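Chains as they are written, first to last, in the deposited numbering: chain RC, 5 to 67; chain Rt, 2 to 144; chain Rz, 37 to 105; chain Rs, 2 to 146; chain Ru, 19 to 119; chain Rq, 3 to 143; chain Rf, 20 to 225.
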Amino acid sequence: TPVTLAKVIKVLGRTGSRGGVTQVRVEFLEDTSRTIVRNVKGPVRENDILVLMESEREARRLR
Amino acid sequence: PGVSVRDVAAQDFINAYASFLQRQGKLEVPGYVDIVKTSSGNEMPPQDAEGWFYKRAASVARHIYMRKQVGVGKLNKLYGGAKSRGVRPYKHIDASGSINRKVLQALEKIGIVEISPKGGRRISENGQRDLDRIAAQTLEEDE
Amino acid sequence: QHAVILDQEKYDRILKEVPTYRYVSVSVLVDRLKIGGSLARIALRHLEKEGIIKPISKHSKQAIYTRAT
Amino acid sequence: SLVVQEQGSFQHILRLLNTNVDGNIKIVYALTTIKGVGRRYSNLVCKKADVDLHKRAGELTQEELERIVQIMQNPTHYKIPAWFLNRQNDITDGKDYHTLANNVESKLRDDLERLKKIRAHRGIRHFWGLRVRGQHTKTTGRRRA
Amino acid sequence: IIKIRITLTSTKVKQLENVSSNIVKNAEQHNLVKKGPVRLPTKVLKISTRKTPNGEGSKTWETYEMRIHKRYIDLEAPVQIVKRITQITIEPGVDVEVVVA
Amino acid sequence: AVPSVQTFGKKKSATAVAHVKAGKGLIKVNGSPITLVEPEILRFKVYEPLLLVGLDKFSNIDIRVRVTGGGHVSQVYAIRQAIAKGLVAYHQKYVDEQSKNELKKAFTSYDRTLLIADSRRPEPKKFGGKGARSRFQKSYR
Amino acid sequence: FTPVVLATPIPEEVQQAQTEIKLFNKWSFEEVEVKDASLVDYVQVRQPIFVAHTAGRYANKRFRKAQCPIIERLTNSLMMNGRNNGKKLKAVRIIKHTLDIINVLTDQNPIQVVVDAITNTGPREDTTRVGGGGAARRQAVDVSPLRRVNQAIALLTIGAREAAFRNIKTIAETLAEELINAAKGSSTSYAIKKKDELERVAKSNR
RNA sequence: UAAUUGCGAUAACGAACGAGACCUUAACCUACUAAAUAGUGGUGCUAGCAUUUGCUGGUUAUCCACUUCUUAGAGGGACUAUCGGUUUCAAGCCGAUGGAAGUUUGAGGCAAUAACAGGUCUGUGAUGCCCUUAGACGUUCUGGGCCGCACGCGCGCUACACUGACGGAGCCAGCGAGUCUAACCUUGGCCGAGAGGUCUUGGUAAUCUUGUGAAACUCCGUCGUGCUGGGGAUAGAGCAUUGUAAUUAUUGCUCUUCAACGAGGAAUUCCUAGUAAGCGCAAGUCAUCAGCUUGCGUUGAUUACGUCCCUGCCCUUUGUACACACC
């Protein structure tokens, strides 16, 4: 189980048709430089810690 | 150092006083004790068919002590409950007035309550006595 | 289905199996053994007067018990 | 702390009033399978027959089972009030009868036939298979079967 | 002297408060114990018609309110000054009744 | 002579008036002791103003609380108001203002509305529904 | 602990275990920590509470419900399905029996069991619906730490409710055995099965 | 910005209506005005325990004092106050503290120009035109019908049970209504299983009904996974109340009869905090009937703090062979 932790450093905004998906950029909590942008479902604040199944997708804007 | 019914809990005092009325002997209980549903909104006669009347007498005597005085209509509203009228919604239904009147008449005969001015029944001179006796050893029941 | 009366082959099934249970209740007596529920409430008082189980909570809708030793 | 160790006199499904009475249930609700007595009537007849209510119907041997049934046929001579009776001043005789297991159908059919042959409005509605009391039938009452 | 009571019932507070002030104004210019204005809780009379003639439209409901204000003053006075206090205080919207005993 | 402070506490309809006078330390509610307040699971709610600041503060003050209005849960939240308000008003008036201060700080740091009534009030019902916001079901055809 | 004699009786078992450190009914709020990161400061068991009954306002702000104690959040999800709506007194009694039962099987702190059961039951990858035109495709996305707590309480109470519905065991016993089985990865609980099914659906949809 | 709300830019300037302002209601006041038709404390008389000086009471005004609680007059208080952060440095927005109250403080009332062949001639002694006007389409009286049931639809009530049913015990509100030439709200005593009957009493009402001792709720016990003791449909017999009259059961009570229904397909409604939901109570209609409505209080949540995806709405641009205006 390669569970990778991350923390939201900036909330970009909402995405999806109904606006129930929030797009955030996350800092990787294990190395400084790499930051990936993903999308979440529930309510996120600033500097809250996240859990990723796999940090490979590089999620784009939902339709 | 002097205790009253207000210093002891409601449930254990009523159980102790009904048990005291059990071992005392005379309460001239009516002949319809095991026949009557005790309410027009109830469904079944009381399950403890041997001591429900004595529990009603103990609860009524406690209610008279804490209040100024009560009538049968006040007791009917107090002991009544919601009636399941079937397909129609529930509503509040007063209790049986004959049992409450027979309880009050039984209490007057043994001398715990008396008739009162401006209506209703207040507790008697010995009524504060025997209530505070049963209020007394209920505190020292724990060995 | 569930027994409602003891028959000398369900009395003995209490004494050397309930002291092997860390949690007993009304639902426990009717699950591991096949008893009719009304006896389960009776048996919890039977193992109360003599020391088999001890109470840590008493309530008319839920009775939770543990072993005496 | 109230168990008994009775094993021999316990009985299975048993017959009272030519009706199968369930054995391993409480006696007050065991008698309720007799069509003509209910929960409150069976509670009264158990108290009048000096029957402990906590005992199952697999207990209660023959002789006070006869006491229970003798109470059930004849309630009036055992200080059971007249308003507890099933039929009081019924339709012909003026006496009080509590209809029991097999007579409930007969007394109802006799009642239904009496107001049918009299050609009352209730009998014609009963014969037509419609609702006999004053209830609307425009919407409810479907699937007569 | 005799003990009387002046009770005022009104629908207008402005036409009631200054008259009750005027009733008590003629009451301390010469000295006597007041037992002054005790204001009972106000009574709101509610009528709820729907809105409309015959029931077409959205089911809109109304509420019409009538407000009742009540006060009573318990005074004691000789008989010749009980008379001209309830004749000079005549004013719209308020009724005045005097209890003799 | 007989230093006594009266207070009140409110919860949604209820009003619990508490008299805090100097004495030996009895805390009676409606003539019954504080151990007899029987919704039986909010018993520690009437105990929370008693035991947040220590039981030794009640060693010399007699508190008598009478409740009216509200419900069974609403009355309990009104007693614990009047206990905390009665304690802090007694210490404001009759003993040192330093003593009054940490009582308020102990109640504020565990603010279960011990000192401040919540301003939540029931919204009125409007027509066209069975509640303040809810509406009757419409069928459209 | 120097007990104080007083005109009020206030019996000895009350103040002996609370005046030094204020507890639950009788349970310690110390030494319990969220073992699983990203569920810190969203699972709140810092300040102790005597009972799980607070007339507090948590819906007035967006993230204020995270400051509510999770024991009281479990009781709030217990009073559901219409007939039990607004019956918090029953829900406290349910949770009082439940914490006692949980200690009986597993001899550790029932608060600690509840906390780690919340962490183990939280889904970690959910799937959203992207409409477009026609097939209504599904897209796998992440899940907020707050929603992980929200779905954990929702799944644990629903599985406890469904198991106790047509069953002789009480709701308190089914809630306890659900939290026990969800404390570990036993997969005999409804909440763990639902969380695993949700994650493997999102794994296929990614 | 909730707002054609404002900052501003400007061939516009200066205005008016709508919005906002306003009014009502719910929140805060140990500040005033004082209340035996609201309470509180002491004082007298007196009860029970303890006795040690105490606790719980009663005492229609025994008396004295006060207005915290309750009432209602005049007022005060919030204006996003203070601080921090963002923007063209503005209108504003966000975070924290303080505050009873920081979403326009919550909720209403009121509410533009223009229009609909919307509803109402069955509210009107509002009314035009047509009809009828004595065997009347007037009016009145006797019966019946509006409720009639192979079936289809909409609003609901009760349930499918153990977070429960039943039996005792605790006992907790708010909005209101109530009779002089007429029988209104009814306390209390007695009789009755209950429904109810009888003798009196209080009230034209902060006075009495009434603390409306409501229900869900809470303990203790019975039930034990079984269409069972969930459910009470349908039906039989009897007892009472209102009414000139109860049959086509008015309604209430007692005994018996013990159906479907095991969480409901496609669809579809409502809802963001004291809110949904659960629960009962008063009023309307009333002579009798509430499963309806208007309000009220009790218990009291999950989830959002967004988007235009579905259904619609406002503004701008744009196309048009549409103007009865995409039906």
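Ideal placement from N, C-alpha and C gives every residue a C-beta, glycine not left out.
- Beta bridge pairing from DSSP links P35 (chain Rq) with Rq:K30.
- Nearest Cα to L3 (chain Rs) within the set Rz:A76, Rz:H82, Rz:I92: Rz:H82.
- Here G101 (chain Rf) is exposed. Its C-beta has fewer than 16 other C-beta atoms within 10 Å.
- Looking at the DSSP output, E31 (chain RC) bridges to RC:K11, RC:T39.
- Ranking Rq:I43, Rq:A86, Rq:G56, Rq:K12 by CA distance to the CA of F109 (chain Rq) puts Rq:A86 first.
- Within the DSSP bridge table, the entry for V112 (chain Ru) names Ru:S28 as partners.
- Beta-bridge pairing by DSSP links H95 (chain Rz) to no other residue.
- Apart from sequence neighbours up to five positions away, the residues of its chain that approach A137 (chain Rt) with a beta-carbon distance below 7 Å are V4, ordered along the chain.
- Taking 8 Å as the upper bound for CB-CB distance, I190 (chain Rf) and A183 (chain Rf) are in contact here, some 4 Å apart.
- Cβ contact annotation for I120 (chain Rf) (same chain, cutoff 7 Å, sequence separation greater than five): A191, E192, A195, in chain order.
- Secondary structure at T110 (chain Rq): helix, using DSSP grouped into helix, strand and coil.
- With 16 or more other Cβ atoms from the protein chains shown falling within 10 Å of its own Cβ, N169 (chain Rf) counts as buried.
- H38 (chain Rz) sits in coil when the DSSP states are folded into three classes, being neither helix nor strand.
- Between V55 (chain RC) and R42 (chain RC), the CB-CB gap reaches or exceeds 9 Å.
- Rounded to whole angstroms, the gap between the alpha carbons of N90 (chain Rs) and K128 (chain Rq) is 55 Å.
- Assigned with DSSP and collapsed to three states, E86 (chain Rz) falls in coil, not helix or strand.
- Contact residues of the segment 132-160 of chain Rf toward chain RC are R143, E144, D145, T147, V149, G150, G151, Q158, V160 (C-beta to C-beta distance below 7 Å).
- For a cut-off of 8 Å, the C-beta gap from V31 (chain Rq) to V67 (chain Rq) is around 5 Å, short enough to register as a contact.
- At a C-beta separation below 8 Å, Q6 (chain Rs) has these neighbours in chain Rz: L42, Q44, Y47.
- Burial is judged here by how many other beta carbons sit within 10 angstroms of a residue's own beta carbon; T78 (chain Ru) has fewer than 16 and is exposed.
- Cβ neighbours of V59 (chain Rf) within its own chain (closer than 6 Å, five residues either side excluded): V53.
- Across the segment 86-103 of chain Rz, CB contacts with chain Rf closer than 9 Å involve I92, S93, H95, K97, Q98, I100, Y101, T102, in sequence order along the chain.
- Contact of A76 (chain Rz) with chain Rs is not assigned, every C-beta pair being separated by 9 Å or more.
- When rounded, the separation of the alpha-carbon atoms in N16 (chain Rt) and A59 (chain Rt) is 8 Å.
- When only Cα atoms are considered, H99 (chain Rs) and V29 (chain Rs) end up about 18 Å apart.
- Against chain Rq, the CB of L118 (chain Rf) has no partner CB under 9 Å away; the residue lies outside that interface.
- The beta carbon of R57 (chain Rs) sits closer than 9 Å to some beta carbon of chain Rz.
- Excluding its 5 nearest sequence neighbours in each direction, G59 (chain Rs) has C-beta neighbours in its own chain below 6 Å: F11, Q12, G24, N25, listed in chain order.
- Contact between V114 (chain Rt) and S125 (chain Rt) holds, since their C-beta atoms are separated by about 6 Å, short of 8 Å.
- For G82 (chain Rt), no alpha helix (DSSP H) encloses it; the enclosing beta strand (DSSP E) starts and ends at 82-84.
- The Cβ atoms of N44 (chain Rf) and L108 (chain Rf) do not sit closer than 9 Å to each other.
- Just measuring C-alpha positions, the residue of Rf:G105, Rf:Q131, Rf:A221 sitting nearest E49 (chain Rf) is Rf:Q131.
- Pairing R57 (chain Rs) with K27 (chain Rs), the inter-Cα distance amounts to about 4 Å.
- Comparing alpha-carbon positions, the option among Ru:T29, Ru:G111, Ru:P55 lying closest to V62 (chain Ru) turns out to be Ru:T29.
- Residue range 74-95 is occupied by the alpha helix (DSSP H) that includes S76 (chain Rq).
- Listed along chain Rs, the residues sitting closer than 9 Å to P46 (chain Rt) by beta-carbon distance are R41, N44, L45, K48.
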